[PDB]
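Residue numbers (the entry's author numbering): 536 to 808. Since the structure comes first, as structure tokens, the remarks are kept for the end.
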Amino acid sequence: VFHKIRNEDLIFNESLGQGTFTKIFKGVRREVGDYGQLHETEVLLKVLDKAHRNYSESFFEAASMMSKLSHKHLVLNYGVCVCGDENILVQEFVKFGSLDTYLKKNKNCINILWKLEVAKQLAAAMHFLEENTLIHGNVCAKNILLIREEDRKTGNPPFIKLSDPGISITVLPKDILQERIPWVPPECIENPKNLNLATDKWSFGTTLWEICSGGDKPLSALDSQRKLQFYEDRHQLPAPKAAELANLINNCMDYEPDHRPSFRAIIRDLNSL
Ligand SMILES: Nc1nc(Nc2ccc(S(N)(=O)=O)cc2)nn1C(=O)Nc1ccc(-c2ccc(OCc3ccccc3)c(C(=O)O)c2)cc1
């Protein structure tokens with residue numbers, strides 16, 4: 536289970552946005568670290584209302600399950616704070632935040648090799664999950680965290696991590712799932728119980744599309760009703776302007792879940808380009 540963190544050791548600072556049934560804040564945690572040194576550590580605070588019991592259970596069970604699998608490409612969770620009326624996930628603060636807004640702010644100065652390298656790391660994180668038969672269920676560019684930027688000089692690549700899974704689409708309202716087309720796969724719109732490892736292959740493809748599109752949101756011009764009709768007419772996303780990954784995207788966004796390629800096969804495809 537998660538280590539418990541006292542409210543008196545947490546300082547809440549600025550709001551870093553809102554999620555569906557979660558609030559996000561930058562904060563500070565006071566802690567005794569290695570060798571007994573006192574630290575004040577920047578933390579990311581994800582906050583759920585204790586009154587949303589089924590949402591909180593799904594969120595924190597998902598965070599717990601992924602945190603049992605330590606890995607360089609999976610976000611680090613320090614623990615949970617439960618002292619008041621809120622369940623709080625106390626998470627590592629990533630310097631550059633979520634990839635979707637980073638892409639929008641830097642689209643002009645991000646070339647194909649930066650995108651290829653990010654795709655390979657994300658696929659490596661998903662292969663590790665696939666080998667452990669653990670479903671993430673909410674892969675998107677907003678759930679990629681950028682630890683470190685590319686070093687233009689010393690040829691250092693960027694480095695990313697995958698954020699915690701969050702509330703399962705098996706317990707969310709159907710209208711939120713519909714709004715999350717085309718990240719949510721067509722078989723889960725049909726029935727959220729079809730959530731399966733194949734789900735993360737579809738969403739991975741949607742996430743590559745985000746990565747290659749400077750952080751545009753695919754199908755954002757379509758309201759929920761037309762988003763459904765998109766899946767009904769078996770359409771595929773348009774090739775991004777930088778289209779080098781378009782074939783891979785469409786191969787991943789296969790309407791037959793059993794046909795979506797393994798992440799081992801995705802990695803080999805990525806290495807060939
Ligand atoms: N650990 C960490 N460190 C930092 N540092 C940081 C540094 C600078 C800046 S900045 N840009 O202000 O300067 C900002 C942050 N950020 N961080 C996070 O974890 N952020 C974070 C925030 C929201 C999310 C997130 C992702 C997906 C979500 O839904 C699923 C979904 C699926 C498909 C389609 C839609 C939605 C939701 C939700 O709806 O609940 C929330 C993830 C990560």
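No residue lacks a Cβ here, since even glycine has one placed at the ideal position from N, Cα and C.
| Query | Result |
| --- | --- |
| Can you give me the start and stop residues for the beta strand (DSSP E) that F547 sits inside? | 545-554 |
| I'd like the list of long-range same chain contacts for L551, defined as Cβ closer than 7 Å, with 5 residues on each side in sequence excluded. | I559, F560, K561 |
| Count the CB pairs spanning the segment 628-638 and the segment 675-691 that are closer than 8 Å, and state whether there are at least three. | yes |
| Figure out for me which residue from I647, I746, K776, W737 has the closest Cα to the Cα of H671. | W737 |
| Given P792, which residues of its chain have a CB within under 6 Å of its CB, disregarding the five upstream and five downstream residues? | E722, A733 |
| Is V567 near ligand 1, going by C-beta to nearest heavy atom under 7 Å? | no |
| Please list the segments of the alpha helix (DSSP H) lying wholly inside the segment 589-643, counting only runs of 4 or more residues, in order along the chain. | 634-641 |
| Below 8 Å on the Cβ atoms is my guess for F739 versus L754; work out the distance and round it to an integer in Å. | Wrong, their Cβ atoms sit about 17 Å apart, outside the cutoff. |
| For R799, name the three-state secondary structure that DSSP assigns. | helix |
| How do the segment 683-697 and the segment 601-613 stand: do at least 3 beta-carbon pairs fall below 8 Å, yes or no? | yes |
| Consider the C-beta atom of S633 and the heavy atoms of ligand 1; say whether any pair is separated by less than 7 Å. | yes |
| In the DSSP assignment, find the beta strand (DSSP E) that holds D758 and state where it starts and stops. | First-last for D758: undefined, no H or E at that position. |
| Residues bridged to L573 by DSSP? | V567 |
| Got a sec? Which residues, its chain only, sit under 8 Å from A676 by beta carbon, not counting five neighbours each side? | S633, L634, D635, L638, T742, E745, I746, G750 |
| Per the contact definition of three or more C-beta pairs closer than 8 Å, is the segment 579-599 in contact with the segment 614-633? | yes |
| Cβ atoms of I702 and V719: under 8 Å apart, would you say? | no |
| Under a three-way DSSP split, which group does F694 fall into? | strand |
| Assign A658 to one of two classes, buried (16 or more other C-beta atoms within 10 Å of its C-beta) or exposed (fewer than that). | buried |
| Under a three-way DSSP split, which group does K688 fall into? | coil |
| Taking DSSP as the reference, what is the three-state secondary structure of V653? | helix |
| Residue range of the beta strand (DSSP E) that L681 falls in? | 679-683 |
| Give a single yes or no on whether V706 has its beta carbon closer than 7 Å to a heavy atom of ligand 1. | no |
| Would you kindly report the start and end of the unbroken alpha helix (DSSP H) that includes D710? | 709-714 |
| Given a cut-off of 8 Å on the beta-carbon distance, is the pair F556 and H662 in contact? | no |
| Give the DSSP-derived three-state secondary structure of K585 in the structure shown. | coil |
| Under 7 Å: does the beta carbon of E627 sit that close to some heavy atom of ligand 1? | yes |
| Is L664 buried or exposed, if buried means 16 or more other CB atoms sit within 10 Å of its CB? | buried |
| Have a look at the DSSP bridge pairing and note the partners of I559. | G552, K581 |
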